[PDB]
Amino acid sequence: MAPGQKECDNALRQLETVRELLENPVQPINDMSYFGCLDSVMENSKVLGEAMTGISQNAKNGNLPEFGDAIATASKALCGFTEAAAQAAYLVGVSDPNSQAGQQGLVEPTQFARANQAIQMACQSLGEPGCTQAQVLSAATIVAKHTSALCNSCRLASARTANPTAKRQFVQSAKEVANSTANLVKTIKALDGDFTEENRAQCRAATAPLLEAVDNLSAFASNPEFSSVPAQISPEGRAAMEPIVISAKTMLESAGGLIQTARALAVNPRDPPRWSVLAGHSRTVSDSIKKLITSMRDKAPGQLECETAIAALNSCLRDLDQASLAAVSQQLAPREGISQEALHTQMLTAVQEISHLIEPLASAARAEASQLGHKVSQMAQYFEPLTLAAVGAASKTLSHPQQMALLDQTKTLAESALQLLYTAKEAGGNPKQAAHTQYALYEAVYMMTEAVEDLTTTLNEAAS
């Protein structure tokens, strides 16, 4: 009854509905790439933060219309977070080696069912007698987005099909959905500088042919002939997606709590206990979002492999430090059963392989996230044979200064490789990371190139 209560009511329903995306992410949620998911959570963080400020201030000052605007904006941001979270979880799950992505059909029935549900909610909101101006706009924007998505999928489906009857039906259904929503859009435009009871009644009337067309499309699209095979996600994939899922669930739970409390406060703002409860939920919303973003970044393509490569390089560094400390106290035992020449050849071979991987690695770090993991693993693998050969070669180097110089120079190469790996992990193969990492990447490549040259020179002098 009271203004602002309906908005809180709709928000709670929207948060409960969007939570379903999190229960079993075995199909794509949308068309976003992993980097798109990350961008969306960053953008929604800003939007939700401002909306949360708006909720509190307008409940406190009794500005009920703008309180409803703030609840609506927060709900949209939270659904945004969840869609990005669920999509990220799906992409994580399928990319697992032991996981099998399901065959894509002509359409994804879950996306069709979701769109059907979002259109119903938006249409029912337009069918409300006490619906406001900014509520009509958000409901109108929802309808337009989901009907466009539905029509686009119908078009591609009637192009990818061999079945002539299905071809004609997807085209026909698209026509009906499009013609329906066009008729609704016109009635919504008629509201500008008018907004009368006679006109809101025009809009309500126009929703019925849309709902009917959408519900017909949904039925028809759920036929076994069209549906996708849900993916088979390994127990490991499930484990990797878990942090992302848990975080987004905690976000939704505490945001529900924030809204329930906000609802009472809008009615009676003179209530210190409830301000304390609202603040509690708010801090938990923020913590959950931080954990969600950090969880999602852990699972971007190439991130685990950078981490694994960095661990392997650090293991090589420990070996080199150990050999260096043994050398200075004359306690480095000479490597048995292999010659000085053969050990220098193993070093040169490894150094040449590392050298060839530098620029390819940087280009992946720069532009191609799908390559990065591989290049980082290839680079790191060569450091094990190099370290063993260098420790061996040093152990048999007759001059003490030269023995120490060989270890020092091998260490410098390893440390320059570490700096490149850390920089590549930051850039992550995301073209939009350029303005923050480009000069650091150039520096890291320069330092690596220099360290290769210096060690190669030493190895060339030893060959002479």
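A residue's number is simply how far along the shown sequence it sits, counting from 1.
Participant: I need to verify one thing: averaged over C-alpha atoms only, is the B-factor higher for 47-55 or for 416-424?
Facilitator: Higher mean C-alpha B-factor: 47-55.
Participant: Using only the Cα atoms and their B-factors as the entry lists them, report which of 244-252 and 216-224 averages higher.
Facilitator: Averaged over C-alpha atoms, the B-factors run higher in 216-224.
Participant: Say you rank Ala74, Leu156, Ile188, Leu332 by Cα B-factor from the PDB entry; which sits at the top?
Facilitator: Most elevated C-alpha B-factor of the set, per the entry: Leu156.
Participant: Please work out which residue in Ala162, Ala85, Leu184, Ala311 has the highest C-alpha B-factor recorded for this crystal structure.
Facilitator: Answer, based on the entry's C-alpha B-factors: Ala162.
Participant: What third of the chain, by the recorded C-alpha B-factor, contains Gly102?
Facilitator: Its C-alpha B-factor, which the entry lists for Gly102, ranks in the highest third among residues of this chain.
Participant: Can you tell me whether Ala342 has a C-alpha B-factor in the lowest, middle or highest third compared with the other modelled residues of the same chain?
Facilitator: CA B-factor rank for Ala342: lowest third.
Participant: Please rank the C-alpha B-factors of the chain's modelled residues and tell me whether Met32 sits in the lowest, middle or highest third.
Facilitator: Middle third of the chain for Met32's C-alpha B-factor.
Participant: Can you tell me whether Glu66 has a C-alpha B-factor in the lowest, middle or highest third compared with the other modelled residues of the same chain?
Facilitator: For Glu66, the deposited C-alpha B-factor lands in the highest third.
Participant: What third of the chain does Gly280 rank in for C-alpha temperature factor, lowest, middle or highest?
Facilitator: Ranked within chain, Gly280 CA B lands in the middle tercile.
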